[PDB]
Structures are given as C-alpha cells and as structure tokens.
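# Structural characterization, general
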Amino acid sequence: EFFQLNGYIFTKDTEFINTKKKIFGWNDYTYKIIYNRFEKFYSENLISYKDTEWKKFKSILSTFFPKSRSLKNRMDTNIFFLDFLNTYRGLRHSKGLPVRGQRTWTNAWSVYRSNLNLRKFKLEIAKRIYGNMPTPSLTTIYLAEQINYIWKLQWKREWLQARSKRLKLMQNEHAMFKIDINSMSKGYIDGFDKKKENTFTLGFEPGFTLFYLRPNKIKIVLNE
Amino acid sequence: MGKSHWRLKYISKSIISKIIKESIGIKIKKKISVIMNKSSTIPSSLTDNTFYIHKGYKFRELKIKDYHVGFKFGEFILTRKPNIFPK
Amino acid sequence: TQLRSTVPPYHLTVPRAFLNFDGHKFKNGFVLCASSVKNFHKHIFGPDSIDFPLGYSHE
Amino acid sequence: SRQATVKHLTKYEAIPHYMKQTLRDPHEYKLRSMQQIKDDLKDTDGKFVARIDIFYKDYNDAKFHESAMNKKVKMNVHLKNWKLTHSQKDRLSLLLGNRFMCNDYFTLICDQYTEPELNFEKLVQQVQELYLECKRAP
Amino acid sequence: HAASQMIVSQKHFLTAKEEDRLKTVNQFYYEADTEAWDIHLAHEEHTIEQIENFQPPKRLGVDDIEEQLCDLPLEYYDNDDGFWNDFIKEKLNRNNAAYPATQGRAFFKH
Amino acid sequence: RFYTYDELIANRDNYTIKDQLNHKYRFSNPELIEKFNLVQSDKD
Amino acid sequence: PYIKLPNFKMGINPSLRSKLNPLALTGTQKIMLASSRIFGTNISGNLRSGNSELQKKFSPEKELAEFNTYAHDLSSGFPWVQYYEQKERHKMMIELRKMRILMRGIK
Amino acid sequence: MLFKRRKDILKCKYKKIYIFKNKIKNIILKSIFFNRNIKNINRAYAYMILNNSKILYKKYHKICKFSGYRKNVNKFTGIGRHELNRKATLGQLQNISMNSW
RNA sequence: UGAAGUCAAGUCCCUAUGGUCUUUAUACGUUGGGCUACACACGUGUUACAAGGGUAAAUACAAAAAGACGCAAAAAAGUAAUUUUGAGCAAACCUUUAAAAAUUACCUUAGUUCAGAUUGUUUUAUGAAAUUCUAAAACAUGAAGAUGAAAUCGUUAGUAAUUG
RNA sequence: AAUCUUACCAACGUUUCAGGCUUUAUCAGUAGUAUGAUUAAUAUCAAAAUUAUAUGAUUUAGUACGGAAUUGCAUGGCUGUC
Ligand SMILES: [Mg+2]
Ligand SMILES: [Mg+2]
Ligand SMILES: [Mg+2]
Ligand SMILES: [Mg+2]
Ligand SMILES: [Mg+2]
Ligand SMILES: [Mg+2]
Ligand SMILES: [Mg+2]
Ligand SMILES: [Mg+2]
Ligand SMILES: [Mg+2]
Ligand SMILES: [Mg+2]
Ligand SMILES: [Mg+2]
Ligand SMILES: [Mg+2]
Ligand SMILES: [Mg+2]
Ligand SMILES: [Mg+2]
Ligand SMILES: [Mg+2]
Ligand SMILES: [Mg+2]
Ligand SMILES: [Mg+2]
Ligand SMILES: [Mg+2]
Ligand SMILES: [Mg+2]
C-alpha cells in the first residue's frame, strides 16, 4: 500500500524523520507540532507494518494538509497568476530582475540565477502550442510575444505607427517582408518617430506567431 | 505582500466620488474614466468598466474584471520604459 | 502556557510513586529530597519556587 | 547606573493542581452602611480632619506655550488618624493600584488641568472618595 | 455601499480547480482572449478523485467584530445600599453652576 | 422659562428627534437618494 | 503561499477586560473599577483601542512660535522699518542700466 | 511676487495652522479607525472622512528661516547649517562652546 | 588647536553681489511621474566561507547621552516582531541601555544544526497614502561562497582586532 | 529622494506683493469656521446645523515684482589641500 500527501509518497518502509530534506514546506516547527499529535519521540518510527499504525498515521496526517494538493505547485501559480494578469511583478519574475524595489545598477545577481519558476512554467506552455522545438528557439518567441503585447497596451501610440506602415505597402506592393524575432528577443525594435530623430517588428496583434508558424509572402527570422 | 487585513484598504476622495456616481447610474465618460492616486485599491462595484489610467505625459487603458479586484491600479501600469544596451 | 505541549510527571506513572512528599503516610517512615542545579547558573531554588510549606526544608 | 532587567525563573511550570496555592477574595462580604461610619467618630461630632503634606513647584520657564509646566500638585496623606483595619488597608492598597504607599502615608498627584487650583481641589475630591470607599469596609 | 468597498474589495483566492487549469492553459496572457479562460474552466472531468482546497486566511466581514467586550458604564457605583446617590447630584449640579455644559452642539442633537 | 440641569436628566432618554443619522446629499440634494433607491431596486 | 497549521491551544486569549463578568463581579474587581472612576484609568483587551491616540500629546503650535518671531524678516514683524540706503542703491543701479540699455539699443 | 524664502516660509506655515485646528477632528477619527473592538463599518466611515480633507496642508517639511535651505537643521537652536558656521565666527550663539572631551 | 600664501583648485544651485539675459515667461501654485532605470567596469563598506564556531537553557558587570509635537516602569497577552495598559519624572531623584565572555549540554569537520541571499504568503509598526518606491517578525524557500592572481592599504598601547 | 523635499519631465491653472499704511468702488443676511457640495488637485460655488466675537468681507492704483538662468577666468563669504 501507499499514501500520498503534498506530492510526496508514503509507504510502510519510510522513515518520517528523513522526509525533512525532501518535502517542500515542513522543515522543523511543523514536525514538532506533528510529533506532539502522535505523542511520540523523533527517534521512534510513526509507521509500522501493522494496520493500526497505518490508519492512525493517515487520519492524523491528513488534518494538517488538504489531500490532492501541494505547496510547490501552489507557489508557482501565485507567481504565474501575477504575470497572467499582466502585472508589474509578472515581468520582474520573468526577466530576472528584482521585485522588492531592490536596486539593479550594481547587484541583482542572486535573482537572475535562483529565481527560475516562472521561466520553466512558460517553456511547458510553449510546447503545448509550438511543439517540441528545442528550448533556445522557444525562448526567442514568448519574449518576443510579450513585448508587442506590452507596447500595444502601455505605448499604444507607437504600436499604431508600426501597424500603419505595414498596411500601406500591403495594399500597394504585394511584395514580401519579414519579421525579426531574433531582434525582438533581445528587445531591439523599429518603426516609429523618436525624440532623438524590408522587416517589421512590432505592429502585430497578440498570438501572431501561431498565425504564421502553423498556417510564402512572409518569412520568419528566429536565429542568426 | 500587503498591509495587515485590519488596516482597511485605501480608496481616495476621488473613487468614492466615482462609486457614488456609479450608484446613481451615471455612466463613466471622458473625465470620469480618468484615474489618479494609483495606490487606491481597485474596488468591486466597478466591474465591466473602462478607466484611463495616468502616467507621465499620456495614459493607459484597462477593463475591470473579478480577477482584477483587490489589486492596485499602479501594479498594471509601467512608468519607466525598459533599458537595453545597444550593439 | 507554562507546559507548552509537554507532559507533566504527575501524569507520568513512575514519578507518582515518589513525587508525593508523603512521609507522614509511612508508619515508621521518613522522606529526604534534594535539588540539583549543576546544569543551571545562579538558579535560586527554594520552597517559594515550588509552592511548598515552611519548616520542612533546610538551606 | 542601572543594573539590567532579567526574567528569573521564579516558579516551576508543572506543579499539581492540588498542590498549588489559591486564595479567596477577602473583600467578598457585606459592605458597611453610612451611619456605621459616622458612629466611629463621635469624639469629634461628625467632623473629620486630615493631616497632609503639599509639594508644589514653580519655574521661570513656564511661559507662552510651556505655561502648562506649573500644573502638578503632589500631596501626601497621613494615616494614623485613619483607624485602618486589616481589611480596610488592603482595600486602600488596591484603589491606588501600583502606587507608592506606606504604613505612614501615601502619595496623590493630579495633572488633569492647566491651573493648579483645579488640580488641587480634585485631590480633595479624591481623598474624600477614597476615605469613604475605604471605610465602607469593616 | 461606498464604505463597505474598502472591505469587500479584496484580493481573490484561488480554488484547486483553477490551478489545474492554470497549467493546461495555452495562452500566456488573460486580457488577450479573455473568454477562452472562461471556456477552459467549463471543461468537466470527474475522473480525478475528490478535491480539497487550502483554507483561505482568516478574513473578516462587514458587520463582524474582532473581539467583543463586556459593556460597562463610565463611573461604576455600588448603589445597592444607594449611598452614592446623594454624593453625585450635588456634585454635578455644582459643576454646572461654575462651568456649564449647555452648548450649541452643531453636530449631535438630543 | 429655561430648564434646570436636573430636569433635563429626566428627559435624558426621551429621544424625540426624527430621522437623525449619518447622511450624504440629504439636505442639499435629496433627489439623488431617490435615484439610489431606483437603481438598486432595478437590479433586484 | 499561506501555510496555516492548527493551534491545539484553545479559549479566548485572556484579558482583564474579558475576565470580568458584570453580572457576577468579585470584590477585587469592583475595587479596580472604583479606581477607574477616580483617576480615569482604562480597561481594555490585549487588542488595540484608540485610547493610545487620545492620550497622546501633539503640540504643533510650538513651531508657529518660531514662525511668529519674525527675527529673520523685520519688515514682516515690525513694518515701521524702511531701509532707506538699500533702496537708494537699488534705484541708482537700475536707472544707470536704463542709460546703458537705450544707448546700446542705438549702438 | 515674493522672493523664495518669504514665500516658502508661508507654505510651511499654512501647513501647520491647518493641523492645529483640525487636530481634534483628526485625533477622534483616527481613534475610531484603530479601535479593533468596534465593527468594521464605523471603522471605515471614519476612515472615509479622515481622507475627505485637505491633504495638501499635511505635506510638511522643515525649513530654515534665514537661508531657505531645508535638509540639515539643528532642532536645539531652530536654525540651519550655513548660518551657524557664520554666527559661530561672530560668537553670537549663547552659552555654546567647542567640545573638548 | 593649524601661520604667509600657492594649486586663476571648488562653488554665483544655501544666503549676498557686479556684468549679461529673460519679464503672457527662463517666473508662480497644484496633481501624477522621475532622481530607485541596467550590457560591461571602478571606488567605498557591512556580512560570510566555520569548531578559539553555530545553537538551546539558565543567567553577571558599563560608560556616555536623551527625554513632554516624550522617555515610557510593574502586571498581562502573543511563538515572535509587538500590542493592551500609562504608576512615576520635565529630572545625580522616575524612565529608556548591553553583548562578547564565563558555566552546563547537544551538533562532530560535512557545502554541513555553517552561510544567508532571493522569492511566495499571513502577521507587526508609522503615515492621509507602500504598487512604482520603506523597515522588521514568523511558517516556508536555502543560490553563491570552502579564506581569494599580479597589485595594494591601515597601525605604533589601552593602538590593532573583537563586542555591543 | 515614498508625497512635500526637488531644482528635472508631462499636463491643468495663475499674471504681479505676505503683513502694515494710503487710496478707488460696491455688498452687508451678509461674513467665517472642527460645516456642506464641487475637481485628479490647488481652485471654484453655497445657507441643513453651528459661531457673531466692536469699528467688517470683496475690489482698483501705489508702496525695492521675480529668477537654483549664465560667467567661480569679474568677487565677497565658506572650505579642501601643500
Ligand atoms: Mg516593497
Ligand atoms: Mg546535587
Ligand atoms: Mg501602548
Ligand atoms: Mg519627512
Ligand atoms: Mg566647474
Ligand atoms: Mg541623488
Ligand atoms: Mg559569529
Ligand atoms: Mg530564558
Ligand atoms: Mg527598572
Ligand atoms: Mg515590562
Ligand atoms: Mg499619572
Ligand atoms: Mg557565550
Ligand atoms: Mg550551495
Ligand atoms: Mg543557520
Ligand atoms: Mg569546510
Ligand atoms: Mg517626489
Ligand atoms: Mg510634487
Ligand atoms: Mg526655475
Ligand atoms: Mg577656479
């Protein structure tokens, strides 16, 4: 037999002590609370081959945590749910920048390496649409995909200008043009009037990459 | 993170004026849709409504939905245009 | 708030035999108790810490 | 100088419910009436007088906006005129609260108003209201 | 209705159904193709076992109270015998003669 | 005449006042209160 | 996420204000209440009441007492001052510029 | 119009006078808001009025009467930094002396 | 405590002032935003890479300084930050202030009961207001780092270093 | 450097003295506030309650308009360093 909780799987050969390093959310204080409920020591085993321990094991141990859930997955959703609504914190988890107002001109290195939740949660989303293409190409897309969605909302005056230029030659020439996704992954752009004073980048509507990759006149630029 | 729950959420003079104008049925319009004081929380009555939020020298647009409730206006808007080192 | 999720020894079985300062109960009997404070530093122990009658103690 | 505060372990934690101490409320009884009190002072024919000691301060600095610095009026009261019983004394030590009190006298302070007169009469209204509520016990 | 919305206007807590759908979703964003999320919730699959959401935090309502207290008066008098009944009437009537309390009271009326 | 201080304590609890309460626009523009009744009634 | 765990301790967190049963009061409880009428003390639970903000002291006028000195600007505090010489220099220097301004306008 | 000092002194003046008179109002409203034992509504309706007031006369910040400079101030003297270096030359400060510990 | 005066050193943007320019705007008030951005790189400084350390429990000794648009004891609650409460003092009188160490016991050289960043979510405090853009506590996350190339800096006794 | 600060960017608005003195004209059921409505905000409007306090509130003209605008290689003043 077995018993599952918090995404960890229990059996009658386990040792409830050495689950400490493994489970995600239950280090020290909770086990003390738990062994108070079992009325036993750390050194004793809370599990045995006899059924009395097993049913007693499950009845107590279910009260702490709701069944068929985890803490790890709950954590990532509370992160993605922020970026899922197009929030400020949504970007800073994605790019690798700090969240808590921490500075950037000198030191944000521990964010760029450790925080990797929202990133991996998007690679799986890209596979659900654009298949099992290798990762570094997929990275080019949803980076390029969010950017236009930002410029569409926040800087709407600029998106329209990128949209207008595309549609003029569309009716007149019927010639080919291209999209520089590899330029948009790094954040480079084109197609408006600046204060300083064929390919297009920004004028699309969201989800456009689905429209073109998976249906001659238009040709994609992923790599270089 | 946020404030303690008992420290009730902030809604300024303005939005309290707007919530009443909703209550009368007065529709939202050019100036009434305008928003300032971003720290004011995003109330619940004003679902199904557009509000042109202010930053700098221009504005941003959004609609309210039940998921957007509870948050702050300024957490959906970007002020500082991102920085990219050129080639 | 003093116990904080522990077991007193007046509920533990074996200490019940000896916890009770009942020497009068023993015909031809006597009781002797002591207080070790090696593990503690400057620990004032006395019959005020334990609510304990006067007279039956010796500093 | 001041030595540092330390929380000593006065009482051990786990002591049996039967071996603890519990003390009833000695102030639970039938409170006295009024003529019982007046019958005590028959030597004086309905007239009581209290000996007290009035401290008071002044400053050269109590002016335009610091003129409130002269509002305290500290007082002491002597008790040997008060034929205080064992039960009347403890009642009086509770009303004052965690305040100074001796067998000989106790303090009384008021800083409720700006002018010290108004803070002085209030002490008299307290001394009366404490003597009666104290001698309402036997 | 205006004051309550500094209470009811409150962050949304997620149900376990919503989070299994956060994974199986395809769209990265919400405001773009909003209706598809409403559709992607509507898919029913009872093959999975019964589900228990976490408990939300100890929220508190509009009419609720955090900690109730026993009501008392300002000046608690033991008047069972009734002696203090006389000490009070002269006291208050003395105060009004010197410093009355008959004020315009622009705010409250009684 | 004027009342005394003691006589007013007799009329302490006699609350004669009619419809006294925290309000908004009432004495200035009671029309909007009527609209506020219509709208939330229409939603029922 | 919000990790909640059960508290195996029970009962209201005790307070002086909560031990009181006004229908059945002890002697030690009527006595403290008899002190509160005298000195105006307060009895409240472990939780926050507003008395800490009613008892506070907040003296903003003491700053105005500095602004009302007018040591920095005599004319605002003592308008009878009239700096005659400083006005003269202010007028001479102006008029001599206007000589320069017109004579440079031609030149 | 007025030069910078004589103007800015008035701004920081009117901010205090507002506070001096709305003192009792803003102490009672804020009293209710932190009274946990009461229901939430009355705790909020006070919070509603507590914000329905001129916040502009509440953004107070210190200033020196003489220099017009705001950042560094000596509360013990009520005057600034660039000035005390001057008066110390003239010895105009009363009872002060140079710390030699 | 620090001469003469040099480095046309620095500042007209603390305030003053000569010349120059502007005066329906290069002036003024308010609202919101910004000064907190982020490829690479420099200077400064705190904390660590452990066992002359980490931790738990019981429990000692200070100076100097400050206090009413304040300090806030005692008792009580909380896991803890902290809160209720406000005796007493405008003062060598009342109040706010220690740790390291020492004692007893565990951990037994391991990227570890070391390290402690970063992130999620409640709670705690101030304020009108914390999202842009604050600090702290807890449950949980638990990355780099294993005493640092060439080069280079401080110190002369109650000094270095360590402790608060 | 959360607002103010803060000079900078964007936008709405103001166009010449705070107090005191002199002066032109009107209003006085008007004026004011811990009041009320109004705007994002300053502003602006006003009679449900409240305040009435000696010789008012508002307005024209005048009484050194203003300036973190520039030149520290025209200077004071303040200061570093040898
Ligand atoms: Mg923050
Ligand atoms: Mg021994
Ligand atoms: Mg307190
Ligand atoms: Mg400040
Ligand atoms: Mg220069
Ligand atoms: Mg700076
Ligand atoms: Mg160490
Ligand atoms: Mg201890
Ligand atoms: Mg002490
Ligand atoms: Mg204490
Ligand atoms: Mg006192
Ligand atoms: Mg030690
Ligand atoms: Mg590691
Ligand atoms: Mg550790
Ligand atoms: Mg090692
Ligand atoms: Mg700012
Ligand atoms: Mg500003
Ligand atoms: Mg300027
Ligand atoms: Mg130079």
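Residues numbered from 1 in each chain as written, not as in the entry; some residues may be left out. Chains lettered and ligands numbered in written order. Part of a larger assembly, values for the part shown. Heavy atoms only, no water.

Method of determination, as given in the entry header: cryo-EM; reported resolution: 3.7 Å.

### Some points on the overall build of chain C
In terms of regular secondary structure, chain C is built from one helix and zero strands. Overall size of chain C, expressed as C-alpha extent along the three principal axes, is 40 × 30 × 20 Å. Accessible surface, chain C: about 5,800 Å² in total, of which carbon and sulfur atoms supply 59%. (Helix = DSSP H or I, 4+ residues; strand = E, 2+ residues; numbered from the N terminus. Areas by Shrake-Rupley, 256 points an atom, 1.4 Å probe, with all protein chains shown as cover.)

### Topic: the overall build of chain D
When helices and strands are tallied, chain D shows three helices and three strands. Reading chain D from its N terminus to its C terminus gives the helix and strand order α-β-β-α-β-α. For 138 residues, the compact-globule estimate of 2.2 N^0.38 gives 14 Å, and the C-alpha radius of gyration of chain D, at 21 Å, exceeds that figure by more than 25%. Considered along the principal axes of its C-alpha atoms, chain D spans approximately 65 × 55 × 20 Å. In chain D, which comprises 138 residues, the proportion classed as buried is 26%. For chain D, the proportion of contacts with a sequence separation of at least 24, taken over those separated by at least 6, is 63%. By element, 51% of the accessible surface of chain D is carried by carbon and sulfur atoms, the whole surface being about 10,400 Å². Counting 24 positive and 19 negative side-chain charges, chain D places the centres of these two groups 6 Å from one another. (Rg over C-alpha atoms; globule rule 2.2 N^0.38 Å. Buried < 20%, exposed > 50% of the residue type's maximum accessible area, 1.4 Å probe, protein only. Contact = heavy atoms within 4.5 Å. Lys, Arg positive; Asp, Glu negative; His and termini not counted. Charge placed at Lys NZ, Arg CZ, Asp CG, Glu CD.)

### Quick word on the sheet that holds strand β3 (residues 105–108) of chain D
Residues and elements named next belong to chain D. An order of β1-β2-β3 is seen for the three strands of this open sheet, with the pairing classed as antiparallel. With partners counted over all chains shown, the strands left at the sheet margins are β1 (52–54) and β3, one partner each. The sheet shows a mean angle of 20° between the axes of neighbouring strands, direction not considered. Strand direction decides the pairing type here: strand β2 (residues 75–78) and β3, joined by four bridges, are antiparallel. By the bridge assignment for β3, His-78 is matched with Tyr-105. (Pairing = 2+ DSSP bridges. Axes fitted to C-alpha atoms, helices over the stretch in contact; angles between N-to-C directions.)

### What about the interface of chain B and chain A?
Of the residues lining the interface, 20 residues belong to chain B; the matching set on chain A comes to 21 residues. Where chain B packs against chain A, one counts one salt bridge. Between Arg-89 of chain A and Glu-75 of chain B there is a salt bridge whose closest N-O contact spans 2.8 Å. Remark: the boundary between chain B and chain A carries five residue pairs in polar contact. Per-element accounting of the side of chain B that touches chain A gives the leading share, four residues, to strand β3 (residues 58–63) of chain B. (Salt bridge = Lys/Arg side-chain N within 4 Å of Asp/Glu carboxyl O. Polar contact = N/O pair within 3.5 Å; in protein donor to acceptor, adjacent residues only side chain to side chain.)

### Some words on the interface of chain A and chain E
Taken together, the contact pairs 29 residues of chain A with 21 residues of chain E. Taken over both partners, the interface formed by chain A and chain E buries close to 2,500 Å², and the fraction arising from carbon and sulfur atoms is 63%. For chain A, the biggest contributors to the area lost against chain E are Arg-69, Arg-74 and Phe-84 of chain A; these three give 28% of the whole. The interface formed by chain A and chain E contains two salt bridges. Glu-19 of chain E serves as the salt-bridge partner of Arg-74 of chain A, at 2.4 Å between the closest nitrogen and oxygen. Inspection of the region where chain A meets chain E yields 10 residue pairs in polar contact. For the side of chain A that touches chain E, the elements supplying multiple residues, two or more each, are α3 (72–84), α6 (117–130) and α7 (135–153) of chain A. Per-element tally for the side of chain A that touches chain E: the top contributor is α3 of chain A, with eight residues. Considering only residue class, the side of chain A that touches chain E consists of 15 nonpolar, seven polar and seven charged. (Buried area = accessible area lost by both parts, 1.4 Å probe. Nonpolar A, V, L, I, M, F, W, Y, C, P; charged D, E, K, R; others polar.)

### Examining the packing of aromatic side chains
Scanning the model with the defined rule gives 40 aromatic pairs over all chains in all. Ring centres of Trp-82 of chain D and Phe-106 of chain D lie 5.7 Å apart, and the angle between their planes is 45°; on these two criteria the pair is classed as tilted. Linking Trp-82 of chain D in the loop between β2 and α2 (86–95) with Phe-106 of chain D in strand β3, this pair joins segments that are 24 residues apart in sequence. Given a relative accessible area of 1%, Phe-106 of chain D falls into the buried group. A ring pair is formed by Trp-82 of chain D and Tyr-131 of chain D, whose centres lie 5.3 Å apart and whose planes are at 50°; its orientation type is tilted. Linking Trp-82 of chain D in the loop between β2 and α2 with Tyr-131 of chain D in helix α3 (residues 116–135), this pair joins segments that are 49 residues apart in sequence. Exposure class is identical for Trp-82 of chain D and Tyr-131 of chain D. Each is buried. Taken together, the ring pairs connect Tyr-8, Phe-10, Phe-16, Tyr-31, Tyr-35, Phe-38, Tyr-42, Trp-54 and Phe-57 of chain A into an aromatic cluster. In this structure, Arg-99 of chain D is placed above the aromatic ring of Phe-39 of chain G, and the distance from its NZ or CZ to the ring centre is 4.4 Å. Between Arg-48 of chain G and the ring centre of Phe-34 of chain H, over which it is positioned, the NZ or CZ distance is 3.7 Å. (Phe/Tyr/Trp six-rings, centres within 6.5 Å; stacked < 30°, edge-to-face > 60°. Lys NZ or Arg CZ within 6 Å of the ring centre and 35° of its normal.)

### Topic: the arrangement of the chains
Among the 16 pairs of chains in contact, the pair with the most contacts is chains A and E. The two partners chain C and chain E share no contact, and the minimum distance between any of their C-alpha atoms is 21 Å. Structurally, chain F and chain G remain out of contact, their C-alpha atoms never closer than 20 Å.

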